[PDB]
Structures are given as structure tokens and as C-alpha cells.
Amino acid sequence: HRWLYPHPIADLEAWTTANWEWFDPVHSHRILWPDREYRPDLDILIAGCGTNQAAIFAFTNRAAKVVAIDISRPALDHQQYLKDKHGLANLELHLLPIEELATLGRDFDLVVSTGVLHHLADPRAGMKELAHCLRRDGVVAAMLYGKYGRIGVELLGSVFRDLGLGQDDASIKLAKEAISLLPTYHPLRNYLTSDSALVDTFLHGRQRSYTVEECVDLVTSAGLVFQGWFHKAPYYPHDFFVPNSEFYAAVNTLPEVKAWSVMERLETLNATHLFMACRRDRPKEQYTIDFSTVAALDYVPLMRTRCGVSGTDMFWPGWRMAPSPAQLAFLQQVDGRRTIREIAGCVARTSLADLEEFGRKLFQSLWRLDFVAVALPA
């Protein structure tokens, strides 16, 4: 490690008005725990916090107790800098490998381990230790690299290792020239469209990548349940953009895991698996999202972070479009309080069975596209 990765953040007041952490409960509480309001007083473990992550969580959740572990002293030294600068009294730092988490003698409501577990000798033993740190209703939020999104990186990485390249300036120069000489069609060009991030990606040894089924098997091997994805978009047919496709109908017939497995092989830009795991003894009503049954009509749709409606447009982060007038009518009634049944009711005052059906299908489609989350009954 020639430079610190990730790149150290100087000021969280600047960073947090512009950016956000995926698994920050301030933003993502309803995705982790669909059945409850934001809780400001969570016990949060950041397992492999690197330079910035734990300090961000402690800054945005001032009343939360944040415990952070890393094996890197320089990484923890930057968390300490951010701790001292911003008075993060709620942040506790340890030089500790994931393997020794039991030495903390604590369990947690949220365990975040993003971009860490592959660097372990035994990723399965790592996930087992995260599982043992989890309260009944707690969630492990994890990131692994995805096999089919990382093809380009693995190709160039392996070439750089066969040429004996390291982290020196001469190796970085050769590495950039190689990337500049890639033909237009090389798989790495799609991935590309930061000397520290270049070194971490290309010149820091092979980084294990995972299929959907390997992610699920890692989670179940640790005695945990695969709760689901942070971003659903990569893992489902986008039937909202392409309705009435017989091929997408045949994919939506398969059991969830086999269906995700198919879409990973058709949607190959996505290069990370962001997923949630929880305990077998967490009641399934807390987190089970199933738009196929009558219970879905009690789901309360809410706009996800940086999503919503502006006039006749619906927006995601960095993408806008005009839905059909009949679709917009449903989206205008999303307030984070009304149920799908209630929303169909409000549209009907502008059959009921047909509108409830259209509502259920629409919110299913937009949940799979990361436009709405759902609040489940308490």
C-alpha cells in the first residue's frame, strides 16, 4: 500500500452535504429494517472501516455508538483525525482483524463490511464472525466484487502480474499506456465509463470476485439468511422499460436466486454485489417483500434517496423520464404514509380491483428499479 485507499476525506461537513454512504441508516433505514422508523441510537459495527467510512457513520448518526475495526494503523489514524476534527465522541476505533471480533464482547443492530471480505484468507470464517456480532433483528450490510462486471479488471490485472509490475512510478506509467492501447471493444472500456484507485484496482494482486450464487452460499454457510440487495436494478428484468417481453416473463418464472443469477449474466456493467444478511430467528414479517400476495396492498411505498416526482417527470439519481399518465397518477399519491390499497383508492376518486392490481404491479416494477422502498406493518 504506497498510498492510503480509499482516498482520505479532509472535511465531513463538505463531504456529507454532497455525498452519502449506501448503508448509512439515516438514508437507508427502511431498506435494512422495512418494519420500523429511523432509530438514532443504533449500535453500529464497521468491520474494515478503512480511512473514512466509520467517521462518516458517526458524523451522520450523532446519537449512535459506532465501533470500527481495521488491521491498518494509517487507516485508523485518519479516522482519529476525523474523530478529533468533528468531535465524534460516539466513534470507538480498534486495530483488530475481523477474525478477532469476539474480543469486543458486543453484538450490534448494524454490521457494515464493504469491500473487505475477499482480502481475507477465509472469507467464510469472516462472515461467521460478522454473524456472531449480530442481534436478533440486526443486519449485515456487505459488498463483494461481482464476477462478470470485473472481467476487464481481472484481464489487465493478470497481465500486469505476468510482467512483474508493482506500485512504483515506472509500473503506473506502463499501466496507463497499456489502458490507452486497449482496443475500443475490450471489456475494461465499459468498466472505465486517481493513481491511488488505479494501484488498488490493477497493481495490488488478484481481488476475488463473486457470482450471485457464491454471495448467497457465503451468507448461508455462516448460518445467516440472504435478506436481499441494496440495489435491486441489476438483479431483475426491467419490465417497467420493456413490458410484455416473453423472455423477461420466462426469467420472472424462476425462483428468486436462479432469476438473479440469470440477470447477472445479462446485465454485466454492475461490478459490485451490495447485499444484506440477517439471522434465521429474525421474524420474516420484519423484512420479507413479496408483491405477489394480498399482503402487498398494506405496503407503504416511499421515495428512495434522491428519487421522486417533479411535475410529469419521475427521477432517480442522474436519470429522469416521463411515465404514462396512468403511472404518474399513482406516483403523485406516494407520501410515505398511504398504502398501495389507499393509493388506488385516491386515484379511483379522479374498477377498484383493477387499480389495486395496477398499483401492486407498478410498485413491484419500481421497487425492483430502486425508485421506491416499502414500509411493512410494525
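In this text, residue numbers run from 1 along the sequence as written.
In the deposited entry, the stretch joining residue 312 to residue 313 is continuous, with no residue of the deposited sequence left without coordinates. Gap check for residue 193 to residue 194: 4 to 9 deposited residues are absent from the model.
Between 168 to 176 and 291 to 299, the higher mean Cα B-factor belongs to 168 to 176.
Checked against the record, the higher mean CA B factor of 210 to 218 and 117 to 125 lies with 117 to 125. Ranking 162, 267, 100, 109 by the C-alpha B-factor listed in the PDB entry places 162 at the top.
Sorting 58, 326, 68, 32 by the CA temperature factor given in the entry leaves 326 at the top. In the deposited entry, the Cα temperature factor of residue 335 places it in the highest third of its chain's modelled residues.
Residue 231: CA B factor in the lowest third of modelled residues in this chain (values from the PDB entry). Per the PDB record, residue ranking by Cα B-factor puts residue 244 in the highest third of the chain. Annotation for residue 17: C-alpha temperature factor in the highest third relative to the rest of the modelled chain, per the entry. When all modelled residues of the chain are sorted by CA temperature factor, residue 283 is found within the middle third.
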